[PDB]
Amino acid sequence: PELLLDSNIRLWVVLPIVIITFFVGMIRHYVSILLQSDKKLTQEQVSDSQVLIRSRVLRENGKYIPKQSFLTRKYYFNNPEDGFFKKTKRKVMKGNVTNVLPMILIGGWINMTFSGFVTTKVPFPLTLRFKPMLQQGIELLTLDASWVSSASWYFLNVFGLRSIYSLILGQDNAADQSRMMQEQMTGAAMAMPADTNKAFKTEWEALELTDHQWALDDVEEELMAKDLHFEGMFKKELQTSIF
Amino acid sequence: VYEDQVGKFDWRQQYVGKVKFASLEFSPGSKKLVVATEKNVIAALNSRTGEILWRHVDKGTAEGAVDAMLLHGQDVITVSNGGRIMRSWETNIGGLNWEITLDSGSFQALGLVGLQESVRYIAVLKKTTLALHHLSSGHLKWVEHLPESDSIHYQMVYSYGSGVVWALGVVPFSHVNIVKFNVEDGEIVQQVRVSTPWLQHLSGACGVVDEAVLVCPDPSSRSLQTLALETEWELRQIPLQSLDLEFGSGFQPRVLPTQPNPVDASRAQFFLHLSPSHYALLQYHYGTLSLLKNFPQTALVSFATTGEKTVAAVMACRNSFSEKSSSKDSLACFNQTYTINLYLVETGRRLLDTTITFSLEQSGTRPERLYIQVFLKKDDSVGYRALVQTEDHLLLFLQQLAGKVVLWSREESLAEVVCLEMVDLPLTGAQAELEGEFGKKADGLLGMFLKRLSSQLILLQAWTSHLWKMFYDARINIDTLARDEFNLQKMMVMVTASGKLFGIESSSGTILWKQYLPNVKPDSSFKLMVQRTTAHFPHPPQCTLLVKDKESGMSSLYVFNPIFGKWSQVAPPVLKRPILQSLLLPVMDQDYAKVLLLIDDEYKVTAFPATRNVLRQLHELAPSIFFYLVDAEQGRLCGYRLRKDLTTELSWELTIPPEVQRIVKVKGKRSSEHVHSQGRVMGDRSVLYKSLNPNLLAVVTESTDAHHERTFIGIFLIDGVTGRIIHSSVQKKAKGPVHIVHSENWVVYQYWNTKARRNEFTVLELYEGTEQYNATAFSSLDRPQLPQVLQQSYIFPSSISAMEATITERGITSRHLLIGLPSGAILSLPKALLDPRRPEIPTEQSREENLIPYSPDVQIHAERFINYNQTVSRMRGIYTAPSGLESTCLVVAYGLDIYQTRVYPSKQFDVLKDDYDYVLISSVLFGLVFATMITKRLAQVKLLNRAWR
Ligand SMILES: *[C@@H]1O[C@H](CO)[C@@H](O[C@@H]2O[C@H](CO)[C@@H](O[C@@H]3O[C@H](CO)[C@@H](O)[C@H](O)[C@@H]3O)[C@H](O)[C@H]2NC(C)=O)[C@H](O)[C@H]1NC(C)=O
Ligand SMILES: *[C@@H]1O[C@H](CO)[C@@H](O[C@@H]2O[C@H](CO)[C@@H](O[C@@H]3O[C@H](CO)[C@@H](O)[C@H](O)[C@@H]3O)[C@H](O)[C@H]2NC(C)=O)[C@H](O)[C@H]1NC(C)=O
């Protein structure tokens with residue numbers, strides 16, 4: 001420990017840079033929420049989207065289905081005579097997650113404002129080939145690389161609060177009536193691309209590739225068993241009265 | 001940046017040598033006051049304020065000394081050197097009126113001669129040659145030889161307004177001859193031959209009174225000669241029976257004659273010096289003598305005239321006075337008080353309004369010289385100013401009547417500085433309180449918890465008091481002398497060759513304390529050391545000072561305090577022969593104090609802090625301390641070492657022939673120096689280790705014979721531990737002043753070449769190999785290797801009067817070299833430019849890593865000038881002190897003046913940048929919060945609207 005620093009530089013650099021990066025992240029998040037815009041939806045695209053969801057749930061949950069009704073559904077989807085997939089046919093800079101440019105600009109402005117500065121030292125032993133990285137404005141060759149400048153301080157700061165931001169924020173799930181509309185919107189946003197023919201053919205062949213295994217036949221497992229949960233359960237239902 | 005920070009944390013004080021020939025003329029006298037000193041500097045002080053108006057410095061090695069000075073109504077005439085060059089100055093403005101080259105003689109006397117109306121010629125008499133020059137212009141027409149000059153001494157030339165120049169010649173013991181010339185053309189009129197076996201000296205003694213009356217006192221028969229050179233034939237003897245005939249046994253009497261130059265005639269009043277202190281005013285009309293005002297003590301006298309009236313100032317030792325053998329003391333409150341009174345010259349009246357009294361602070365100093373400036377004012381009021389001179393070096397001015405008798409005091413004893421040092425402040429009250437509160441010897445957990453609670457309560461109380469103070473606000477430096485976060489204010493001690501100790505503060509520059517030594521003669525050696533620091537509370541700081549004489553050979557040691565000034569009650573006796581040498585022991589004992597031991601002529605070690613543990617530690621170390629002594633006239637470099645308890649034994653011996661080579665200077669390694677990096681990078685990635693020697697001395701030898709071609713300059717690198725020369729370098733065409741500076745591992749020495757008129761700059765560096773040694777414990781007994789030595793040459797177009805290197809505590813900043821110039825400006829240059837690893841041809845890796853092509857041309861850039869306006873007339877030396885932050889060194893340049901500043905090695909990397917606008921930062925910080933608060937509601941309402949719609 002050396003290089004006795006002033007107490008009036010830590011109160012005008014560290015707290016300002018921390019608050020700046022925190023509120024810059026908050027601004028970015030809230031502005032991203034604000035700029036989000038809904039997408040126009042045609043009733044037809046919603047229609048094939050829901051048809052695809054129906055085929056998917058048929059593929060996923062098909063064990064608990066009467067065999068006759070299962071082949072009825074499979075034939076209706078396939079129907080080699082007419083078929084619904086076969087005839088019903090429709091007709092047919094480099095912005096990449098822009099979050100690096102703002103942080104780079106902020107770091108560049110912060111480094112431009114502070115020319116010759118010593119913010120804090122890092123306990124971690126660092127090599128001398130990272131000295132041009134870290135100081136960038138201090139004319140010292142005998143000094144160690146532990147003492148970093150404000151640029152690296154802010155660069156480590158933006159990653160320090162990356163997981164902290166999610167602590168304050170979170171996910172939301174409400175509006176049961178609007179939940180269905182959200183599901184249709186997202187599902188048809190999945191089904192935007194105009195490749196209906198190949199998707200229909202792929203689903204048509206995939207549905208044939210599925211087999212049937214009635215999971216309802218295995219009933220004998222339950223018959224030879226013990227029913228004791230239904231009274232520990234029944235004991236804890238009695239105490240509650242009627243409001 | 002420099003133009004913005006003009007005088008924020010820098011200061012210069014201009015000083016002047018001892019007053020030798022000062023005049024208090026200029027009847028108008030606005031502020032003019034001329035002073036010519038004994039350091040070949042002529043200055044002009046101000047009566048009202050006291051600052052310097054114009055000052056001139058010519059010489060100071062052995063020539064250019066001022067011999068005599070005359071003052072006209074508006075111009076000043078003075079003679080420099082010894083009678084070769086003369087120049088006249090002005091006082092309204094400042095510069096040269098005219099110059100004159102004299103002949104090859106011995107300057108004895110000068111005077112003014114006036115033909116009929118006023119002075120037009122100045123008579124200059126040498127040992128044999130006599131000349132007269134003009135006063136307005138410069139022309140030599142009057143010059144001739146006197147009849148006998150071999151066995152004749154000519155002094156006290158007297159001139160009259162009638163138009164006759166008189167010359168007096170008195171031999172040691174034989175005859176006396178008075179000779180006379182005309183003013184129009186050199187013509188010898190007549191010569192008077194008078195026999196005086198009792199006339200020995202005439203340089204300072206006999207004077208001219210009345211109208212060409214020669215008066216000579218004698219204590220042998222206790223009688224007076226009076227003789228007339230204008231008329232009469234012979235001398236006449238006056239016995240002293242009307243007066244109190246009291247002549248000192250071993251004392252040659254002195255006369256004090258006055259004769260105004262503007263007035264053709266002269267006065268008939270004069271003082272006679274009797275014994276140590278016995279003055280008396282006597283008047284001689286024709287043959288009868290009148291004595292009045294028989295002055296009993298009358299330490300000092302002065303004469304003055306303003307018009308047709310003449311005044312005599314008498315300075316007495318009064319105030320309850322009690323006179324000792326030679327000094328005077330007043331036993332009332334302050335002691336050493338003197339009075340100044342005025343008396344008439346014609347009659348013996350005493351002015352009732354004139355009464356000056358003043359007392360000094362230090363004891364021992366006695367008045368030496370005094371001038372008087374009396375001017376007429378109003379109708380019935382006489383005002384005058386007295387300039388009393390202190391015994392060693394100090395000026396003082398007094399007013400007629402005012403609130404304070406002392407108007408302005410200027411310290412002239414701070415010009416010649418021998419040794420200098422800087423010490424820190426003791427502590428701060430809150431910091432000391434915290435240090436005392438933390439101090440725990442042996443306690444439990446409960447005790448520490450209670451102490452922490454008490455400290456927290458004290459802090460809370462202090463915070464409450466501070467909050468109350470700010471709420472209220474919303475609605476002597478010696479006593480405090482506190483420290484701060486960055487210790488930049490330090491108490492510096494100055495030691496004068498005269499024998500006065502001075503203490504000045506680095507911030508303001510005001511004299512805090514000043515002490516006087518009993519008796520110090522010239523050519524004395526001084527050495528100041530600091531044993532006990534200020535960081536520790538339990539005993540007051542200890543500062544040691546060794547002083548020794550060269551002619552007699554006494555050595556004394558003083559123990560004083562650098563903070564307050566009062567000396568401690570611990571002082572060791574010194575016996576046998578004078579102390580030879582001393583070193584400071586890093587090891588500490590007793591309380592927190594270091595050990596100092598000294599060597600006598602008998603080759604014995606004497607320890608100052610006599611302590612059982614001190615002796616135990618010294619005996620434990622025993623063969624650990626070595627001693628090297630260097631002699632110039634002897635030319636012997638012999639070494640000793642301690643064995644067992646206390647005894648001297650020869651270990652390594654070296655002799656150099658004095659006739660061939662001569663020792664000049666010897667520099668070593670500073671004790672307070674720490675190295676951060678012990679190696680350097682090389683071309684690819686391979687490391688290069690250095691060769692650091694804490695025990696190594698470099699000696700500089702010069703050729704005795706001086707020739708245009710035959711010149712010998714060399715340096716020897718020896719180890720003080722074991723006699724072994726590492727590298728010995730020799731030049732072939734180097735002569736003149738040689739300056740050597742030693743550093744971490746590189747030596748910088750400068751010289752001058754006779755073949756081509758230039759100054760060559762040689763930098764020497766020591767480097768080891770690629771593999772390191774033990775590198776755990778360094779010793780000169782082991783390590784049998786020879787380090788590589790690298791030399792390079794450059795050109796510096798200057799003289800390099802002074803030279804130093806900036807030294808830091810840890811040593812992580814750059815190493816700048818401070819060089820002084822004859823101009824006065826101090827220039828700092830980086831060591832990187834003067835590096836031995838300078839490839840001639842530009843090669844790939846060298847230019848790739850960090851290097852500049854080698855080129856022997858160094859230009860003095862005006863931007864790298866620490867001295868922007870403030871300059872030092874004579875650069876004797878500079879001292880660099882490491883500060884506390886990281887990159888700050890306090891540089892103080894001493895010499896004819898004093899100047900202090902802070903030097904920046906590499907800009908600044910420890911303090912906030914000055915150009916830091918807080919308005920923009922605060923605005924952005926508040927705007928971010930405002931924007932997040934604005935956009936929160938926008939996001940909420942957008943979510944709500946999307947949910948509803
Ligand atoms: C480099 O120099 C260091 C310091 O001189 C050397 O370390 C020292 O080595 C000596 C000799 O081996 C050790 O002395 C020992 O003393 C004990 C009794 O105290 C004795 O029983 C041993 O036989 C030996 O004489 C000394 O303790 C040791 N000091 C330290 C601090 O370790 C080191 O050996 C040198 N290395 C090389 C490669 O030269
Ligand atoms: C070297 O020193 C001389 C003085 O002997 C400098 O000249 C003086 O410089 C000062 C400022 O350093 C000037 O003071 C200014 O006065 C004006 C009002 O007149 C005020 O508005 C400014 O804020 C400033 O205080 C002063 O006028 C000036 N005198 C003359 C006769 O020029 C000289 O500038 C110095 N050399 C430098 C700085 O390179």
# chains A, B, ... in the order shown; residues from 1 in each chain; ligands from 1
$ residues_around --residues "region 99-111 of chain A" --least-positions-apart "3" --cutoff "9 Å" --atoms "only C-alpha atoms" --output "ChimeraX atom specification"
/A:17,21,24,28,96,114-115,136-137,149-152,154-155,158
$ residues_near_ligand --ligand "ligand 1" --cutoff "6 Å" --atoms "only C-alpha atoms and all ligand atoms" --output "number ranges by chain"
B: 774, 776-777
$ residues_around --residues "region 186-198 of chain B" --least-positions-apart "6" --cutoff "7 Å" --atoms "only C-alpha atoms" --output "short mmCIF file (atom, residue, chain, number, x, y, z; two decimals) with N, CA, C and O atoms, in the first residue's frame"
data_model
loop_
_atom_site.label_atom_id
_atom_site.label_comp_id
_atom_site.auth_asym_id
_atom_site.auth_seq_id
_atom_site.Cartn_x
_atom_site.Cartn_y
_atom_site.Cartn_z
N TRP B 142 46.13 64.57 -16.52
CA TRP B 142 46.99 64.89 -15.39
C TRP B 142 47.53 63.60 -14.80
O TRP B 142 46.79 62.84 -14.17
N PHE B 173 59.62 54.41 9.94
CA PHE B 173 60.40 55.08 10.99
C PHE B 173 61.59 55.78 10.33
O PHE B 173 62.65 55.19 10.15
N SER B 174 61.39 57.06 10.00
CA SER B 174 62.48 57.92 9.54
C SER B 174 62.02 59.38 9.47
O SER B 174 62.09 60.11 10.46
N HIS B 175 61.56 59.81 8.29
CA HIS B 175 61.24 61.21 8.03
C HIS B 175 59.82 61.30 7.48
O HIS B 175 59.15 60.29 7.24
N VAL B 176 59.35 62.54 7.27
CA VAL B 176 58.05 62.81 6.68
C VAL B 176 58.20 63.93 5.65
O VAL B 176 58.91 64.91 5.89
N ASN B 177 57.55 63.77 4.49
CA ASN B 177 57.63 64.76 3.42
C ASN B 177 56.23 65.13 2.94
O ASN B 177 55.42 64.25 2.63
N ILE B 178 55.97 66.43 2.84
CA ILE B 178 54.70 66.95 2.35
C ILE B 178 55.00 67.65 1.02
O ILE B 178 55.87 68.53 0.95
N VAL B 179 54.28 67.27 -0.03
CA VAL B 179 54.57 67.75 -1.37
C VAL B 179 53.30 68.38 -1.94
O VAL B 179 52.18 68.02 -1.58
N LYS B 180 53.48 69.36 -2.84
CA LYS B 180 52.36 70.16 -3.31
C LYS B 180 52.45 70.38 -4.81
O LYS B 180 53.54 70.60 -5.35
#
$ interface_residues --of "chain A" --to "chain B" --cutoff "10 Å" --atoms "only C-alpha atoms" --output "PyMOL selection string"
chain A and resi 2-10+12-13+16-17+19-38+113-118+137-144+174-175+177-179+181-182
$ write_last_selection --atoms "N, CA and C atoms" --output "short mmCIF file (atom, residue, chain, number, x, y, z; two decimals), in the first residue's frame"
data_model
loop_
_atom_site.label_atom_id
_atom_site.label_comp_id
_atom_site.auth_asym_id
_atom_site.auth_seq_id
_atom_site.Cartn_x
_atom_site.Cartn_y
_atom_site.Cartn_z
N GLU A 2 0.73 2.05 -1.07
CA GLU A 2 1.46 3.30 -1.21
C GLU A 2 0.60 4.26 -2.02
N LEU A 3 1.22 5.32 -2.54
CA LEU A 3 0.53 6.33 -3.35
C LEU A 3 -0.66 6.91 -2.60
N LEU A 4 -0.36 7.61 -1.51
CA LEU A 4 -1.38 8.25 -0.69
C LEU A 4 -2.23 9.17 -1.55
N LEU A 5 -3.52 8.87 -1.66
CA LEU A 5 -4.43 9.66 -2.48
C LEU A 5 -5.27 10.59 -1.61
N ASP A 6 -5.83 11.61 -2.25
CA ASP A 6 -6.69 12.57 -1.57
C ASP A 6 -8.03 11.93 -1.23
N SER A 7 -8.68 12.49 -0.21
CA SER A 7 -10.03 12.07 0.16
C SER A 7 -11.10 12.82 -0.62
N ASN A 8 -10.73 13.87 -1.35
CA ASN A 8 -11.68 14.66 -2.12
C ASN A 8 -11.74 14.26 -3.59
N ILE A 9 -10.91 13.29 -4.02
CA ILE A 9 -11.04 12.72 -5.35
C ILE A 9 -11.96 11.50 -5.37
N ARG A 10 -12.01 10.74 -4.28
CA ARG A 10 -12.91 9.59 -4.16
C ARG A 10 -14.37 9.98 -4.08
N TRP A 12 -15.65 12.61 -5.71
CA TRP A 12 -16.03 13.28 -6.95
C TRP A 12 -15.84 12.39 -8.18
N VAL A 13 -15.43 11.14 -8.00
CA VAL A 13 -15.19 10.24 -9.12
C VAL A 13 -15.98 8.95 -8.95
N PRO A 16 -19.93 9.45 -8.36
CA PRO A 16 -20.51 9.89 -9.64
C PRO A 16 -20.53 8.80 -10.70
N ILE A 17 -19.43 8.06 -10.88
CA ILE A 17 -19.39 7.07 -11.95
C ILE A 17 -20.35 5.92 -11.65
N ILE A 19 -23.19 6.06 -9.82
CA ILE A 19 -24.55 6.53 -10.06
C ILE A 19 -24.82 6.68 -11.55
N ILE A 20 -23.83 7.17 -12.31
CA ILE A 20 -24.00 7.36 -13.75
C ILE A 20 -24.28 6.03 -14.42
N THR A 21 -23.46 5.01 -14.14
CA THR A 21 -23.67 3.73 -14.80
C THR A 21 -24.98 3.07 -14.36
N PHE A 22 -25.33 3.17 -13.07
CA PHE A 22 -26.58 2.60 -12.59
C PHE A 22 -27.78 3.22 -13.31
N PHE A 23 -27.84 4.55 -13.33
CA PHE A 23 -29.00 5.20 -13.92
C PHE A 23 -28.98 5.12 -15.44
N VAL A 24 -27.80 4.97 -16.05
CA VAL A 24 -27.73 4.74 -17.49
C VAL A 24 -28.34 3.39 -17.83
N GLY A 25 -28.02 2.36 -17.04
CA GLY A 25 -28.66 1.07 -17.24
C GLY A 25 -30.16 1.13 -17.05
N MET A 26 -30.61 1.85 -16.02
CA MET A 26 -32.05 1.99 -15.79
C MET A 26 -32.72 2.72 -16.95
N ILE A 27 -32.09 3.78 -17.46
CA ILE A 27 -32.62 4.51 -18.61
C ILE A 27 -32.72 3.59 -19.81
N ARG A 28 -31.68 2.80 -20.06
CA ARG A 28 -31.70 1.90 -21.21
C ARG A 28 -32.85 0.91 -21.09
N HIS A 29 -33.05 0.33 -19.90
CA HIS A 29 -34.12 -0.64 -19.72
C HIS A 29 -35.49 0.00 -19.93
N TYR A 30 -35.73 1.15 -19.29
CA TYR A 30 -37.05 1.77 -19.39
C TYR A 30 -37.32 2.29 -20.80
N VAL A 31 -36.30 2.81 -21.48
CA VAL A 31 -36.46 3.26 -22.85
C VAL A 31 -36.72 2.08 -23.78
N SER A 32 -36.06 0.94 -23.54
CA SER A 32 -36.34 -0.25 -24.33
C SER A 32 -37.78 -0.70 -24.14
N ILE A 33 -38.29 -0.63 -22.90
CA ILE A 33 -39.69 -0.96 -22.67
C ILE A 33 -40.60 0.02 -23.41
N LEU A 34 -40.28 1.31 -23.36
CA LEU A 34 -41.12 2.32 -24.00
C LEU A 34 -41.15 2.14 -25.51
N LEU A 35 -40.00 1.86 -26.12
CA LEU A 35 -39.92 1.82 -27.58
C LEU A 35 -40.55 0.57 -28.16
N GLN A 36 -40.88 -0.41 -27.32
CA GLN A 36 -41.50 -1.64 -27.81
C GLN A 36 -42.85 -1.36 -28.44
N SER A 37 -43.04 -1.85 -29.66
CA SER A 37 -44.26 -1.61 -30.42
C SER A 37 -44.87 -2.94 -30.85
N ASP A 38 -46.20 -2.97 -30.90
CA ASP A 38 -46.92 -4.16 -31.31
C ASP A 38 -46.84 -4.35 -32.82
N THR A 113 -13.01 13.05 -20.39
CA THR A 113 -13.12 14.07 -19.35
C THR A 113 -11.98 13.94 -18.35
N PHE A 114 -11.68 12.72 -17.92
CA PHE A 114 -10.63 12.47 -16.93
C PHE A 114 -9.35 12.05 -17.65
N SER A 115 -8.40 12.98 -17.79
CA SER A 115 -7.18 12.71 -18.54
C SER A 115 -6.16 11.95 -17.70
N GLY A 116 -5.66 12.57 -16.63
CA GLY A 116 -4.71 11.92 -15.75
C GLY A 116 -5.29 11.68 -14.37
N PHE A 117 -5.60 10.43 -14.06
CA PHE A 117 -6.32 10.10 -12.84
C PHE A 117 -5.91 8.73 -12.33
N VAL A 118 -6.09 8.53 -11.03
CA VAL A 118 -5.89 7.25 -10.37
C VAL A 118 -7.13 6.98 -9.53
N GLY A 137 -3.16 7.32 -20.05
CA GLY A 137 -3.15 8.72 -19.69
C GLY A 137 -2.15 9.08 -18.61
N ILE A 138 -1.50 8.08 -18.03
CA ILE A 138 -0.49 8.29 -16.99
C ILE A 138 0.87 7.90 -17.54
N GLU A 139 1.84 8.80 -17.38
CA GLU A 139 3.20 8.60 -17.87
C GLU A 139 4.02 8.00 -16.72
N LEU A 140 3.94 6.68 -16.58
CA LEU A 140 4.68 5.97 -15.54
C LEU A 140 5.04 4.59 -16.05
N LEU A 141 6.33 4.25 -16.01
CA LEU A 141 6.80 2.93 -16.41
C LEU A 141 7.21 2.05 -15.25
N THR A 142 7.61 2.63 -14.12
CA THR A 142 7.96 1.85 -12.94
C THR A 142 6.74 1.45 -12.12
N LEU A 143 5.59 2.07 -12.36
CA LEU A 143 4.40 1.77 -11.59
C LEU A 143 3.83 0.41 -11.97
N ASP A 144 3.18 -0.23 -11.00
CA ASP A 144 2.55 -1.52 -11.22
C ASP A 144 1.22 -1.34 -11.96
N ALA A 174 -50.10 -11.66 -15.28
CA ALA A 174 -51.44 -11.30 -14.83
C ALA A 174 -52.32 -11.14 -16.07
N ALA A 175 -53.49 -10.52 -15.88
CA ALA A 175 -54.42 -10.22 -16.97
C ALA A 175 -54.82 -11.50 -17.71
N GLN A 177 -57.53 -12.50 -19.00
CA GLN A 177 -58.17 -12.25 -20.29
C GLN A 177 -57.14 -11.84 -21.34
N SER A 178 -56.17 -11.00 -20.96
CA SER A 178 -55.15 -10.57 -21.90
C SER A 178 -54.06 -11.62 -22.06
N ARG A 179 -54.03 -12.63 -21.19
CA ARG A 179 -53.05 -13.70 -21.33
C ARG A 179 -53.25 -14.46 -22.63
N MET A 181 -54.65 -13.31 -25.38
CA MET A 181 -54.23 -12.43 -26.48
C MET A 181 -52.71 -12.39 -26.60
N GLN A 182 -52.01 -12.35 -25.46
CA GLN A 182 -50.55 -12.40 -25.48
C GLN A 182 -50.07 -13.70 -26.11
#
$ residues_near_ligand --ligand "ligand 2" --cutoff "10 Å" --atoms "only C-alpha atoms and all ligand atoms" --output "ChimeraX atom specification"
/B:2-7,868-870
$ select_by_dssp --residues "region 474-535 of chain B" --states "helix (DSSP H, G or I)" --output "list in words"
residues 474, 477, 478, 479 and 480 of chain B
$ write_last_selection --atoms "N, CA, C and O atoms" --output "PDB file, in the first residue's frame"
ATOM      1  N   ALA B 474     -24.673  29.102   9.185  1.00  0.00           N
ATOM      2  CA  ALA B 474     -25.735  29.251   8.193  1.00  0.00           C
ATOM      3  C   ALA B 474     -26.645  30.426   8.531  1.00  0.00           C
ATOM      4  O   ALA B 474     -27.070  31.174   7.643  1.00  0.00           O
ATOM      5  N   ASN B 477       1.241  31.734  14.458  1.00  0.00           N
ATOM      6  CA  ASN B 477       1.457  30.494  13.718  1.00  0.00           C
ATOM      7  C   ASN B 477       2.447  29.582  14.433  1.00  0.00           C
ATOM      8  O   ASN B 477       2.427  28.361  14.234  1.00  0.00           O
ATOM      9  N   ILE B 478       3.325  30.155  15.259  1.00  0.00           N
ATOM     10  CA  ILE B 478       4.294  29.349  16.000  1.00  0.00           C
ATOM     11  C   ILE B 478       3.575  28.422  16.973  1.00  0.00           C
ATOM     12  O   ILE B 478       3.942  27.252  17.138  1.00  0.00           O
ATOM     13  N   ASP B 479       2.537  28.938  17.637  1.00  0.00           N
ATOM     14  CA  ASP B 479       1.819  28.149  18.633  1.00  0.00           C
ATOM     15  C   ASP B 479       1.140  26.939  18.002  1.00  0.00           C
ATOM     16  O   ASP B 479       1.181  25.833  18.554  1.00  0.00           O
ATOM     17  N   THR B 480       0.508  27.126  16.844  1.00  0.00           N
ATOM     18  CA  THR B 480      -0.229  26.032  16.222  1.00  0.00           C
ATOM     19  C   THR B 480       0.702  25.109  15.445  1.00  0.00           C
ATOM     20  O   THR B 480       0.860  23.939  15.812  1.00  0.00           O
TER      21      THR B 480
END
$ residues_around --residues "residue 211 (chain B)" --least-positions-apart "2" --cutoff "7 Å" --atoms "only C-alpha atoms" --output "JSON, numbers by chain"
{"B": [209, 213, 265, 266]}
$ residues_around --residues "region 243-257 of chain B" --least-positions-apart "4" --cutoff "7 Å" --atoms "only C-alpha atoms" --output "CSV table (one decimal) with N, CA, C and O atoms, in the first residue's frame"
chain,number,residue,atom,x,y,z
B,205,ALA,N,44.7,57.5,10.8
B,205,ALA,CA,45.2,58.2,12.0
B,205,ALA,C,45.1,59.7,11.8
B,205,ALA,O,44.0,60.3,12.1
B,206,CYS,N,46.1,60.4,11.3
B,206,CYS,CA,46.2,61.8,11.3
B,206,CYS,C,45.2,62.4,10.3
B,206,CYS,O,45.0,61.8,9.2
B,207,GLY,N,44.6,63.5,10.6
B,207,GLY,CA,43.7,64.2,9.8
B,207,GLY,C,44.1,65.7,9.6
B,207,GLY,O,45.0,66.2,10.2
B,208,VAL,N,43.3,66.4,8.7
B,208,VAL,CA,43.5,67.8,8.4
B,208,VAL,C,42.3,68.6,9.0
B,208,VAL,O,41.2,68.2,8.8
B,209,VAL,N,42.6,69.6,9.8
B,209,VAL,CA,41.6,70.4,10.5
B,209,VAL,C,41.9,71.9,10.2
B,209,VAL,O,43.0,72.3,9.7
B,217,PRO,N,48.3,62.7,17.3
B,217,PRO,CA,48.4,62.4,18.7
B,217,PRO,C,49.5,61.4,19.0
B,217,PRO,O,50.0,60.7,18.1
B,218,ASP,N,50.0,61.4,20.2
B,218,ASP,CA,51.0,60.4,20.6
B,218,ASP,C,50.8,60.0,22.1
B,218,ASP,O,50.8,60.8,22.9
B,219,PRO,N,50.7,58.7,22.3
B,219,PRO,CA,50.7,58.2,23.7
B,219,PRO,C,52.0,57.9,24.3
B,219,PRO,O,52.1,57.7,25.6
B,222,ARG,N,52.7,61.3,25.3
B,222,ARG,CA,51.3,61.8,25.5
B,222,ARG,C,51.3,63.3,25.2
B,222,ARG,O,51.0,64.1,26.0
B,270,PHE,N,37.0,68.1,15.9
B,270,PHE,CA,37.4,66.7,15.6
B,270,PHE,C,37.4,65.9,16.9
B,270,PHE,O,37.6,66.5,18.0
B,271,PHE,N,37.1,64.6,16.8
B,271,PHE,CA,37.1,63.7,18.0
B,271,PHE,C,38.4,62.9,18.1
B,271,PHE,O,39.0,62.6,17.1
B,272,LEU,N,38.8,62.7,19.3
B,272,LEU,CA,40.0,61.9,19.6
B,272,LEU,C,39.6,60.6,20.3
B,272,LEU,O,38.9,60.6,21.3
B,273,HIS,N,40.1,59.5,19.7
B,273,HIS,CA,39.8,58.1,20.3
B,273,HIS,C,40.9,57.9,21.4
B,273,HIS,O,42.1,57.9,21.1
B,274,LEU,N,40.4,57.6,22.6
B,274,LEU,CA,41.3,57.3,23.7
B,274,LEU,C,40.8,55.9,24.3
B,274,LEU,O,39.6,55.7,24.4
B,275,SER,N,41.7,55.0,24.6
B,275,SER,CA,41.4,53.8,25.3
B,275,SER,C,40.4,53.0,24.4
B,275,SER,O,40.2,53.3,23.3
B,291,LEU,N,38.3,72.3,25.4
B,291,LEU,CA,37.6,71.0,25.5
B,291,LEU,C,36.3,71.2,26.3
B,291,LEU,O,36.2,72.0,27.2
$ residues_around --residues "residue 698 (chain B)" --least-positions-apart "5" --cutoff "7 Å" --atoms "only C-alpha atoms" --output "list in words"
residues 666, 667, 668, 715, 716, 717 and 718 of chain B
$ closest_atom_pairs --of "region 742-820 of chain B" --to "region 874-878 of chain B" --cutoff "10 Å" --atoms "only C-alpha atoms" --output "JSON lines"
{"residue": "B:800", "atom": "CA", "partner": "B:875", "partner_atom": "CA", "distance": 9.5}
{"residue": "B:801", "atom": "CA", "partner": "B:875", "partner_atom": "CA", "distance": 6.5}
{"residue": "B:802", "atom": "CA", "partner": "B:877", "partner_atom": "CA", "distance": 5.5}
{"residue": "B:803", "atom": "CA", "partner": "B:878", "partner_atom": "CA", "distance": 7.5}
{"residue": "B:804", "atom": "CA", "partner": "B:878", "partner_atom": "CA", "distance": 7.0}
{"residue": "B:805", "atom": "CA", "partner": "B:878", "partner_atom": "CA", "distance": 9.7}
{"residue": "B:818", "atom": "CA", "partner": "B:878", "partner_atom": "CA", "distance": 8.6}
{"residue": "B:819", "atom": "CA", "partner": "B:878", "partner_atom": "CA", "distance": 9.1}
{"residue": "B:820", "atom": "CA", "partner": "B:875", "partner_atom": "CA", "distance": 6.7}
